[PDB]
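Notes follow the structure.
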Amino acid sequence: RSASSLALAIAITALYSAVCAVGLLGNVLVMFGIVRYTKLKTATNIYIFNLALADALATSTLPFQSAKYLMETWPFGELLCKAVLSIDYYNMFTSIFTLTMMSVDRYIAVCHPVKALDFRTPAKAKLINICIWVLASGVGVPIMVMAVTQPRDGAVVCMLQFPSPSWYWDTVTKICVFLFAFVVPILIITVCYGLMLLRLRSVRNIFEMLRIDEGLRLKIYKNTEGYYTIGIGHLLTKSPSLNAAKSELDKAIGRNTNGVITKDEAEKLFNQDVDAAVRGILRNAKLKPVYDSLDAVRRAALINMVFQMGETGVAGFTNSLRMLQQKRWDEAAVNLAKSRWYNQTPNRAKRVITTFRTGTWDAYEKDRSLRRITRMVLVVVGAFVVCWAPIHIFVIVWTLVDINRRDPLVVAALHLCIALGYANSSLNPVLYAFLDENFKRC
Ligand SMILES: Oc1ccc2c3c1O[C@H]1c4[nH]c5ccccc5c4C[C@@]4(O)[C@@H](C2)N(CC2CC2)CC[C@]314
């Protein structure tokens, strides 16, 4: 019995001792840092303070739990039992709560930048931390009193005593803890980060396409034709008198412009522009059936053309259109490539035409990638998910799948996973040391 169990028990005592050392001292150091210095007092970092407190509390109880696997009993007492269990559950909850609040906050920062400035204060983060701990206490305060010491045959056991029927409330608890400590929060993170990950890459819609084409300038400028244009391709007038252009600008905005407008106003014009482009596509009988017979992408390209030169001029290329609605792509590209349009603005027309030919935004794709902090938070979350996915899924499988406790193969698997889940709490401080400038310069 002992040639098997003892080696593993001692090895686990060692591992647990290491995770305890590094984990506790690291997280305490981080807490200390976020408190003392002012160059660290942001929202995200306060969240990291919460994560640190939780994980340090988790790593403090690690000796007592290695004593469990060595001595095969609980010698210390019942208050200590209550404490270790309570803390274990607390860590399990506050960790994931804090992580999803970080992901939401990061998402707010990056994806909603204009409005971020107004409610991303550190006091907000502090408030949120306190709320996290209370919602945790929702589950933690009962666990603290339902933890009790009862002698199983041959040993003294520190365990949870669900009021009879025990097994019922047991499975209920394993379920609720599977949902609200795993499935739900991970889904929230997946929505947030999914959004701020899908937004970064290339271009994928008409608006961003035209933003690449007509570009953006705040003050009045003379376009490729020599006319007075402002913002994103918005034509003001034909009159070479600049005063006329400004009068039209004040006419189309509603204040005294002074020749320069704000980006919000440029876009507020842009919308009505693409509007009229579309309404024009529908009003024109020569466009609508060629428009309705297309997929969203090539539709967007057609709208690019109409935005550039109007339904008047787009209607002219009848043969090209007939090639388009015939779905003979490369032929339509052939006819379009040789015209006045390609001659005038060659590059843009080349891109739009390629778009027409392939049915993708491939001709427009330029790839940026993440951010400093955002990528950091991503990594931290991925780490937590990797450490806690086994043990969370396992505990559910274990209570719902037969063959449990059959052999050391499985028992070793399970214990390895409990371990990994714990080791996360020591992995956190290592990560901050590589991923944040505010931590590494110190
Ligand atoms: O409902 C839980 C979900 C996930 C985890 C457990 C939960 O009840 C504890 C629990 N009961 C079990 C019964 C059979 C096999 C494993 C467990 C564990 C695992 C663990 O002891 C560990 C995993 N700690 C967390 C810590 C290792 C990360 C939290 C409390 C507990």
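Each chain of the structure tokens is named A, B, ... in the order shown, its residues numbered from 1; ligands are numbered from 1 in display order.
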For region 2-8 of chain A, please output as a PyMOL selection string all residues within 10 Å (counting only C-alpha atoms; exclusion window: fewer than 4 positions along the same chain). chain A and resi 12-14+69-71+408+412+415
Neighbouring residues of residue 280 (chain A) were defined as those with any atom within 8 Å, considering only C-alpha atoms; residues of the same chain fewer than 3 positions away were excluded. Please report them as a PyMOL selection string. chain A and resi 276-277+283-284+310-311
Out of region 135-372 of chain A, which residues get strand (DSSP E or B) from DSSP, as a ChimeraX atom specification? /A:147-152,155-160,201,217-222,228-231,234-237,260,367
Can I get the residues close to ligand 1 as a PyMOL selection string, where close means within 10 Å and we count only C-alpha atoms and all ligand atoms? chain A and resi 58+85-93+159-160+170-178+181-182+387-399+404-405+411+414-425
DSSP on the backbone, then: every residue of region 310-355 of chain A marked alpha helix (DSSP H), written as a ChimeraX atom specification. /A:310-314,318-325,329-337,340-344,346-355
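Residue neighbourhood of residue 309 (chain A), excluding near-sequence residues (fewer than 6 positions): residues 225, 233, 234, 235, 277, 280, 281, 302, 303, 315, 316, 340, 341, 344, 345 and 349 of chain A, at 12 Å, using only C-alpha atoms.
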From the list A:77, A:231, A:194, A:165, which residue is nearest residue 107 (chain A) when using only C-alpha atoms?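 Nearest candidate to residue 107 (chain A) out of A:77, A:231, A:194, A:165: A:194.
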Need the shell around residue 354 (chain A): protein/DNA/RNA residues with any atom at most 10 Å away, counting only C-alpha atoms. Skip same-chain ones fewer than 4 positions apart. Format as a PyMOL selection string? chain A and resi 301+329-330+333+337+348-350+358-364
Would you write out those residues with N, CA, C and O atoms, as a compact mmCIF listing (two decimals), in the first residue's frame?
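Final output, saved to result.txt:
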```txt
# COMPACT_ATOMS: atom_id res chain seq x y z
N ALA A 301 -19.10 46.23 -52.69
CA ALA A 301 -18.27 46.80 -53.77
C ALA A 301 -19.09 47.69 -54.72
O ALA A 301 -18.66 48.79 -55.10
N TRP A 329 -17.37 35.87 -62.96
CA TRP A 329 -16.57 36.88 -62.26
C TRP A 329 -15.42 37.45 -63.07
O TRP A 329 -15.40 38.64 -63.38
N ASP A 330 -14.46 36.60 -63.41
CA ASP A 330 -13.24 37.03 -64.08
C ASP A 330 -13.51 37.76 -65.39
O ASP A 330 -12.73 38.62 -65.81
N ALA A 333 -14.50 41.23 -64.36
CA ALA A 333 -13.25 41.89 -63.98
C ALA A 333 -12.50 42.33 -65.23
O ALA A 333 -11.90 43.41 -65.25
N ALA A 337 -11.84 46.24 -65.93
CA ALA A 337 -10.43 46.65 -65.87
C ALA A 337 -10.07 47.69 -66.93
O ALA A 337 -9.22 48.54 -66.71
N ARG A 348 -7.40 52.15 -56.24
CA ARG A 348 -8.69 51.92 -55.61
C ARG A 348 -9.58 51.02 -56.45
O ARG A 348 -10.17 50.06 -55.95
N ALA A 349 -9.68 51.33 -57.74
CA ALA A 349 -10.46 50.53 -58.67
C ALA A 349 -9.91 49.11 -58.78
O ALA A 349 -10.68 48.16 -58.96
N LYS A 350 -8.60 48.96 -58.68
CA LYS A 350 -7.96 47.64 -58.71
C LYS A 350 -8.40 46.82 -57.50
O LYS A 350 -8.74 45.64 -57.62
N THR A 358 -13.07 37.98 -56.37
CA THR A 358 -12.84 36.89 -55.42
C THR A 358 -13.98 36.67 -54.42
O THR A 358 -14.19 35.55 -53.94
N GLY A 359 -14.71 37.73 -54.09
CA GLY A 359 -15.81 37.63 -53.14
C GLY A 359 -15.34 37.67 -51.70
O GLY A 359 -15.97 37.08 -50.82
N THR A 360 -14.23 38.36 -51.47
CA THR A 360 -13.67 38.52 -50.13
C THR A 360 -13.10 39.93 -49.96
O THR A 360 -12.97 40.67 -50.94
N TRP A 361 -12.77 40.30 -48.73
CA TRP A 361 -12.12 41.58 -48.49
C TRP A 361 -10.60 41.41 -48.51
O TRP A 361 -9.88 42.16 -47.85
N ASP A 362 -10.12 40.42 -49.26
CA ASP A 362 -8.70 40.08 -49.25
C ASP A 362 -7.80 41.18 -49.81
O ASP A 362 -6.65 41.32 -49.40
N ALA A 363 -8.34 41.96 -50.74
CA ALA A 363 -7.58 43.04 -51.36
C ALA A 363 -7.36 44.22 -50.40
O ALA A 363 -6.59 45.13 -50.70
N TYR A 364 -8.02 44.18 -49.25
CA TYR A 364 -7.99 45.28 -48.30
C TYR A 364 -7.32 44.92 -46.97
O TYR A 364 -7.15 45.78 -46.11
```
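Nearest to residue 357 (chain A) of all the residues A:132, A:332, A:148, A:339 is A:332, based on only C-alpha atoms.
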Who sits within 8 Å of residue 376 (chain A), only C-alpha atoms, same chain under 4 positions skipped, as a ChimeraX atom specification: /A:372,380,435-436
Taking only C-alpha atoms into account, name the residue in A:304, A:272, A:320, A:66 that is nearest to residue 209 (chain A).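 Smallest distance to residue 209 (chain A) is found for A:304.
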Separation of CA of residue 352 (chain A) from CA of residue 274 (chain A), in Å and rounded to one decimal: 16.3 Å
